[PDB]
Structure formats: structure tokens, C-alpha cells
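*Asks:* After the C-alpha cells below, expect a handful of questions from me.
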Amino acid sequence: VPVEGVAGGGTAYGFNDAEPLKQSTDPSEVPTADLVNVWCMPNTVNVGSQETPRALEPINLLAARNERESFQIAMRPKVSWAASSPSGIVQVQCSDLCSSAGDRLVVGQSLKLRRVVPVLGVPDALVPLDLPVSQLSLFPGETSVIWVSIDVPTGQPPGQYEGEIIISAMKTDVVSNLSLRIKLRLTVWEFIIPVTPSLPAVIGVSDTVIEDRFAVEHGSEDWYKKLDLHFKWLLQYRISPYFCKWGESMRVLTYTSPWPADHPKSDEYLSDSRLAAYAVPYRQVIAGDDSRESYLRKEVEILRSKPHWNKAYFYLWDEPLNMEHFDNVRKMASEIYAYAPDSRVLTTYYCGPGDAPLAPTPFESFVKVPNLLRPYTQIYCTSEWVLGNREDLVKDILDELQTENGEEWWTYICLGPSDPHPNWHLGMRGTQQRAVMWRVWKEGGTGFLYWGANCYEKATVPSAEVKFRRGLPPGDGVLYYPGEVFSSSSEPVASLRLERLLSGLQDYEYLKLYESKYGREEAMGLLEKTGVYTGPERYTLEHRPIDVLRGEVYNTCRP
Ligand SMILES: CC1=N[C@@H]2[C@@H](O)[C@H](O)[C@@H](CO)O[C@@H]2S1
């Protein structure tokens, strides 16, 4: 290209004409591909509206049984093919996928499509499209994206499955030689991801938020319907929900099942294979004629008789700060041990007592907390922020614990840690979201807690603007959104962060498989040598290393 440009257009005119466009913009005579750039992107990219076209290649995926695997489709108009509201509408159709043997993953149950919609200008909300045929408006100068997810049943036969997604520019069956065909190929392999998550990831759900936003009075018939809707939707993400009301001095009432332990709904919840752990409330959920002491005796007496009691825990206090709080936990714990001594009590903390340090510094007072509470807490759930990027001081935490007697170390994340550490704050990248669980795996805790998934600011209408709480990083405490904000459906809308939480929990399961066949040192070394995760401030920034790791697990760990 000369200094004056091609044909005298001036500076830099003509650096790639980029294939002349065809001169017709008529979708009934021009191939879609000549009207719209379409390509695929990995599930770990947050695909912004200014992402540049790449060349469409076929997509080759891997998934175990009982695994969701995902990818994305990007679309950006080259021209108007609807002169009159640009750029134009496309139709999207997906097929079933089918193996040689003639086994199927069906559109609708396995295979789903969602649009990726920005929240505060960041890609985050996954809104459903009609199946098997949908339509999407494309605007000029904007990349528009679709999240394709495939859920493989636990019973699904292994094999190479294959299919197609068809994109057709429309004028305003539409399929023709003019349509663009995306070729999908998925290998289903022999691993079954455990039906019961190997890591209990307990996730709070605020009942106040539901009461105010969906306008349902606590205790009512309609309230039970809304918590049921939530509880069932959330199980698909390999988490163990609990509802949560906060109390005087950050006591918490926490409860997985709003049903009395008597009801047949209680056992329908609590012995679900998908549910790894459940909160049992200390006080009555619904008001009663009984005293709390009276109710608790009766509830524990039932529950301990059931085959699911091993999944029970009690979460009584959110971050005791001072001595009185630590004392309260001990009193309340022993109340409970009197009705069943094998009760597991969980306590979240980031500090020792402020007014009565247990040592000459904060971190060492923090480390001594088990000694102050033993044996009146079984699950010591600690704030990750407290460690900074010192993965070496994990041992200082574990050295005060008694694994051999049923004590466990768990972690949680919240308004900290921050960039560039793994978390689920809006603006954080996809690998940084998925790395929460790479770090949980590496550091060796036996479970995980997130304080809230629906902790919006207060609203009194289902479809109200989703606004975020003052003083917190937007996204902290919010992993999913109301259906009705984005459509007329009541079904919750997942965040990208919630999908990357699931993918990260699937990753945990691959790493546990590999560890069980080649040992701890070998699995630690896979996670690092592949480039996936080195430390809290050093993890992959790209997708390939993840494929390398999952691929190495498949090659080495089949029977
Ligand atoms: C457990 C946790 N206890 C606290 C919560 O009460 C706050 O709402 C949250 C805000 O980030 O931070 C930590 S997480």
C-alpha cells in the first residue's frame, strides 16, 4: 500500500480490502457467510461487543457423563441485509447430536442455547433462546454472542457424537444452500463425574430478597413454591444451597429445607444425590407454639434417624469478631450436641477476637481460633483474603487442626480477595473466575462456602432493575438474576460466573480422578506444568492449557 493509499484514498487506505463484498445484500440470493462473520470462541472468554472476527473452524469438544460442556458463537454483521432496520435478523437452528451406534443428545434436554447479555457493560447474563429454532437481531458494529451448553446424562453411552447449528440470514424452513453450517463434534468418554459432588460447595440464598422482590409473605403457600423453584434450579450447578436470614450481630438462620423434618418434602430435598450438604436451622423457620429449645430437640431427633444425616451441618454465626460471639457459638453448639453429639457445626471467620487477641499479631491470633472453640466447631471455614498470596501459610492453619478427629478446613471468598486474584466480581476475566476452584483444589480444603447468590439491593417487583449493594464490588454476592428481568419466564438466569463455578467444579473432579490414579504430587504437577494454575496471582490467561489438562486426564485415566 503506497503513502497516498490505493487509488489515492490517503494514508493506510487499502491495508486488506479483506475480500471484496458481493454487491447484492439480498439474503435470498447471497450466502449468509458473505453477509455476517460467524466464528466460535472458548467458554473462558468474556466476548465483548468489539471482539474481532476470526475464521470459522469446526468445534471439537470433550465431556464425561454427568458433565456440562460449553462453547460460544460470535456473529458480527458485514453489511445491512435489512436496509431498513440494520443490520438484519438471523435464524438459528440446532440439531440433535448422534453417534455411529445411533445414540442421541437431544435439543432441549441435553443441548441448550442462551444469549450473552452485558450487565454494567460486562458480558454476564445468559438468557434462553427458543428451541430448536430462534431468531436474533444483529446491530451494526457489534459482536453478538450465544452460549451453547451440552449436558451429558449420567447414563449416556460413550462415543463420538456429531451435529450442526445452522445460521440463516432472513428477510423482514428458511434453510438453504445459502445457510451457514457449524460443525459440532463431541467425544463422550468413560468417566462419570460423581452424582454427589466430591466437594461440598454451600451457597447462600437470601430469603428476604425473595420475600421483597417476588412479594411473597414468609411462611405462605406461594413462598414455599418460590424457594422450591430456586432450590431445584440451583442443584444443577454442583452446589448445596441454603436459605439465609441475618440476625442481631450477624447470627444467621440458615436452612436448606423450609419444610419441617416431618414432611415428605424434607426427605425429597435432603436425600437427593445431587445435594452434598444441608443446613439445619437452630430456630424455627415459620413461627410456632413451641420454644426454640423444644423445636430443635424434635427436629434433630427425626433427622439423625435418616440415612442422610451425615450431610447435615449447622451454620450459626457469620464472622464472630469478638469474644462474646465466640462464646455464643460454644453455648449454642453444646445446646445441639446434647440432642446429637455427632452434629457438625460450621463457623466462618477471618479473625480471632478483636478485644482479646489470642496472640501478639492478627494472623497468629486468627491461626489460634480452633484452640479457642475446640470441640464446639467441626468445620473451620476461613476467608481466603487473609492469606494474601502466601499459599505456604496454609500449613500454619492446618497445624492447629485435628483431621483425625473429624475437624475439617474449608474456605470462602467475598469482597476479597481482589485483582488479580480469583473471584467472581463483575469485570474479572473467565479464567480468573474458573480459577477460584483450581486454587481450592490445590490448597486442599475439604469444602467451600459462598455467602450469597441473589444478594441484590432491595426491590419489590420481579422485573425491577437489578441494582447492586453500596460498598461491595458489583457481582460480590450475586451469581444469578431473576428470569423476569430478561424475559417473562420465572426460571432464574445464570451468570457467566455461575457457569465458571460449575466448570471449575468439573475440573476439581478431573483433578481428583488423576490424583486417585497417580497420587497428590503427580496431580499438583499436572496443574502447574500445563500452565493452568501456578499461584493466586499466576494462572492461565488462555483456554488451551485447560484442554491440555482435561485431555491428559482422558488419555491417562480410562479403564
Ligand atoms: C462468610 C462471609 N461473611 C461476610 C458477609 O456477611 C458479607 O456480606 C460478605 C461481603 O463480601 O463478606 C463476608 S463472606
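With the authors' numbering applied, the sequence shown corresponds to residues 11 to 182, 256 to 642, in that order. Quick reminder that beta carbons are idealized off the backbone N, C-alpha and C, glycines included.
Looking at ligand 1, does it come within less than 7 Å of residue 333, judged from the CB to the closest heavy atom?
*Replies:* Relative to ligand 1, residue 333 has its C-beta within less than 7 Å of a heavy atom.
*Asks:* Look at residue 269 and residue 156 and say whether their C-beta atoms are less than 8 Å apart.
*Replies:* No, Cβ-Cβ distance for residue 269 and residue 156 is not below 8 Å.
*Asks:* If you drop the 5 nearest sequence neighbours on each side, which residues of the same chain put their C-beta closer than 8 Å to that of residue 148?
*Replies:* 46, 85, 86, 87, 97, 98, 99, 100, 154
*Asks:* For residue 434 and residue 63, what's the separation of their Cα atoms in angstroms?
*Replies:* 49 Å
*Asks:* Using the three-state DSSP reduction, which class does residue 273 fall into: helix, strand or coil?
*Replies:* strand
*Asks:* DSSP on residue 466, reduced to helix/strand/coil?
*Replies:* strand
*Asks:* Return the Cβ separation of residue 456 and residue 430 in integer angstroms, given the expectation that the two are a contact with Cβ distance under 8 Å.
*Replies:* 7 Å
*Asks:* Determine the contact status of residue 287 and residue 369, defining contact as a CB-CB distance below 8 Å.
*Replies:* no
*Asks:* Check the DSSP bridge columns for residue 290 and list the partner residues they point to.
*Replies:* Note: residue 290 sits in no beta bridge, so no partner.
*Asks:* Expressed to the nearest angstrom, what Euclidean distance is found between the alpha-carbon atoms of residue 181 and residue 333?
*Replies:* 58 Å
*Asks:* At a cut-off of 7 Å, would you count residue 497 as near ligand 1, judging by its Cβ distance to the nearest heavy atom?
*Replies:* yes
*Asks:* I'd like to confirm something about residue 562: is its beta-carbon nearer than 7 Å to some heavy atom of ligand 1, or not?
*Replies:* no
*Asks:* The beta strand (DSSP E) spanning residue 369 covers which residue range?
*Replies:* It is not in any beta strand (DSSP E) - residue 369 carries neither H nor E in the DSSP assignment.
*Asks:* Given the structure, does residue 113 come close to ligand 1, in the sense that its CB is under 7 Å from one of the ligand's heavy atoms?
*Replies:* no
*Asks:* Considering residue 445, what are the terminal residues of the alpha helix (DSSP H) in which it resides?
*Replies:* 445-450
*Asks:* From which residue to which residue does the alpha helix (DSSP H) around residue 514 run?
*Replies:* 513-526
*Asks:* Measuring straight from C-alpha to C-alpha, what distance separates residue 548 and residue 568?
*Replies:* If you take the alpha carbons of residue 548 and residue 568, they lie about 7 Å apart.
*Asks:* By DSSP, does residue 486 sit in helix, in strand, or in coil?
*Replies:* helix
*Asks:* Would you say residue 502 touches ligand 1, meaning its beta carbon is less than 7 Å from a heavy atom?
*Replies:* Checking the Cβ of residue 502 against ligand 1 gives no.
*Asks:* What residue range does the beta strand (DSSP E) around residue 639 cover?
*Replies:* Here residue 639 belongs to no beta strand (DSSP E); instead the alpha helix (DSSP H) covers 627-639.
*Asks:* Let me make sure I understand the geometry here. Which of 141, 127, 356 has the alpha-carbon closest to that of residue 203?
*Replies:* Residue 203 cannot be placed in this structure, since the chain goes from 182 to 256 without the numbers between.
*Asks:* Whose CA, out of 600, 573, 498, lies closest to the CA of residue 558?
*Replies:* Nearest C-alpha to residue 558: 498.
*Asks:* If you run the structure through DSSP and keep just helix, strand and coil, what is residue 435?
*Replies:* In the three-state scheme derived from DSSP, where H, G and I count as helix and E and B as strand, residue 435 is classed as coil.
*Asks:* Just how far apart, CA to CA, sit residue 644 and residue 347?
*Replies:* Since the first residue of the chain shown is 11 and the last is 642, residue 644 is not available in this structure.
*Asks:* Could you round the C-beta distance between residue 345 and residue 385 to whole angstroms and report it? I think they count as a contact, below 8 Å.
*Replies:* Confirmed, Cβ separation roughly 7 Å.
*Asks:* From 404, 78, 419, pick the residue whose C-alpha is nearest to that of residue 366; which is it?
*Replies:* 419
*Asks:* Between which two residues does the alpha helix (DSSP H) containing residue 309 stretch?
*Replies:* 304-317
*Asks:* For residue 174, which residues of its own chain have a beta-carbon under 6 Å away from its beta-carbon, when the five flanking residues on both sides are left out?
*Replies:* So the list reads 105, 264, once near-sequence residues are dropped.
*Asks:* Is residue 559 close to ligand 1? I mean its beta-carbon at under 7 Å from any heavy atom of the ligand.
*Replies:* Result yes, Cβ under 7 Å from ligand 1.
*Asks:* Quick check: the Cα distance between residue 413 and residue 51, rounded to an integer number of angstroms?
*Replies:* 51 Å
*Asks:* Is the region 383-399 touching the region 346-365 in the sense that three or more CB pairs, one from each, lie closer than 8 Å?
*Replies:* The region 346-365 vs the region 383-399: in contact.
*Asks:* Check whether the Cβ of residue 431 lies closer than 7 Å to any heavy atom of ligand 1, and answer yes or no.
*Replies:* yes
*Asks:* Identify the residues that DSSP records as bridge partners of residue 430: which are they?
*Replies:* DSSP lists 463 as the bridge partner or partners of residue 430.
*Asks:* Among all the DSSP beta bridges, which residues are the ones paired with residue 169?
*Replies:* 271
*Asks:* If you reduce the DSSP assignment to three classes, tell me which class residue 529 lands in.
*Replies:* In the structure shown, residue 529 sits in coil (DSSP, three-state: anything other than H, G, I, E or B).
*Asks:* How close, in whole Å, do the beta carbons of residue 563 and residue 537 come, if the pair is a contact with beta carbons under 8 Å?
*Replies:* 6 Å
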